[PDB]
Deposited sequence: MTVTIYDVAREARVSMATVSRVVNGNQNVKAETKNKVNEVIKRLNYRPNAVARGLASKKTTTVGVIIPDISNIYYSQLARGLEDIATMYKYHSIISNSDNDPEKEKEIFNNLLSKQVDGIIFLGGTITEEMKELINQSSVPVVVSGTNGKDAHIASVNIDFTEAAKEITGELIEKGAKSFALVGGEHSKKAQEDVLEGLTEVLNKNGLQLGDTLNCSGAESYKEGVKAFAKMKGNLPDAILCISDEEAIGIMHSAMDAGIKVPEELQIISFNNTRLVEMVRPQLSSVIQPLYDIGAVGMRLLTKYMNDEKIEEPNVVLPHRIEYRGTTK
């Protein structure tokens, strides 16, 4: 299918600029607006279709990937003329239950979970409620809930193969407790390709709170001794922490060490070496989510309630 990155790459603009054209920003240059509306019509990019309030539950609002996804959701909800309210759960099962029940008591019309884990108790509150629920990047007891994601397992198989071709033989995976679906699905793909070739998997570092730059400095500390050839990280901030820590300690990136991320954000280009990463269609993750949510809220049937969006891998500087 067609994504915001396809329109952007073709039009030579950022996915953010495309989103501004789609959202009707009146400050976008009139000429670039035309250069974008042209690709949009040729590729036929169409992300979007009572007082209404959408509640969004994310583990960590300071997570740059999740705050981007959430702003996009808020842009899209204004297109639909919906109000929206965001709450911060820390993937704490008790906070999650308290949030859900708060949103229900405030009579939201739909809820979206970005990241985190649906406990079996949480699955009960969802099943028992009339408020429809769409999820993304969540794990746990989330079956038979409408969803949208990229295929992390496939992205990690693709990525792991390339590294082996470039000669990597030692591999490590770093992640955290906010993006657990990504960590698990990447480990699945990574270990399948490592086992295929009989290659070594090192420690799997799983941090407790924010998947931050400082958690990556501490992840580099934990492996400074027996560094692996390549490190796959879910958070791109965390990867930036491993990159800088290693380069400060003299390690050559990408010659001696290769780093790749999965949860892409604008930070990928704000750093030197630039970060090799999977590029997910962030705006479309929110567009599909609101489409799906809107159908439920309009008591319509949904043909395919579990959408898998395409991904791209831009190797750019932390890979050899």
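*Asks:* Note down, first to last, the deposited-sequence stretches for which the model contains no C-alpha atom.
*Replies:* No coordinates exist for the deposited residues in 1, 51-58, so these stretches are absent from the model.
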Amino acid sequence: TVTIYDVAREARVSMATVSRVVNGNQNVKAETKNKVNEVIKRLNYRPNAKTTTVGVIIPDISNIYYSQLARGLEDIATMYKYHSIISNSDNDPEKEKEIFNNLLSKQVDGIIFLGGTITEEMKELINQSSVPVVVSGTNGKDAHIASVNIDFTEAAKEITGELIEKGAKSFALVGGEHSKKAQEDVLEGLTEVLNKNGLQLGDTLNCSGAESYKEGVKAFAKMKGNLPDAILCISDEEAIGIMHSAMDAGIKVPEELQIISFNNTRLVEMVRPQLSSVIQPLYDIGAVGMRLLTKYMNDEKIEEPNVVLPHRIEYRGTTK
From here on, numbers count along this sequence of modelled residues.
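*Asks:* Can you tell me which stretch has the higher mean Cα B-factor, 173-181 or 223-231?
*Replies:* The entry gives the higher C-alpha B-factor average to 223-231.
*Asks:* Do the C-alpha atoms of 148-156 or of 126-134 have the higher average B factor in the entry?
*Replies:* The stretch with the larger mean CA B-factor is 126-134.
*Asks:* Hey, out of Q280, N63, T32, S277, whose CA B-factor is highest in the deposited coordinates?
*Replies:* Comparing C-alpha B-factors across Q280, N63, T32, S277, the top value belongs to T32.
*Asks:* Using the entry's values, work out which of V39, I259, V56, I285 has the largest Cα B factor.
*Replies:* Within the set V39, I259, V56, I285, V39 shows the top C-alpha B-factor.
*Asks:* Quick check on the deposited entry: does the C-alpha B-factor of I85 sit in the lowest, middle or highest third of its chain?
*Replies:* For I85, the deposited C-alpha B-factor lands in the lowest third.
*Asks:* Of the three thirds of its chain by CA temperature factor, lowest, middle or highest, which one includes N197?
*Replies:* As the PDB entry reports it, the C-alpha B-factor of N197 lands in the middle third of its chain.
*Asks:* Would you mind ranking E74 by its C-alpha B-factor against the rest of the chain and naming the third, lowest, middle or highest?
*Replies:* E74: CA B-factor falls in the highest third of its chain.
*Asks:* Within this chain's modelled residues, let me know which third the CA B factor of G241 belongs to: lowest, middle or highest.
*Replies:* Its C-alpha B-factor, which the entry lists for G241, ranks in the lowest third among residues of this chain.
*Asks:* Please rank the C-alpha B-factors of the chain's modelled residues and tell me whether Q107 sits in the lowest, middle or highest third.
*Replies:* Top third by C-alpha B-factor.
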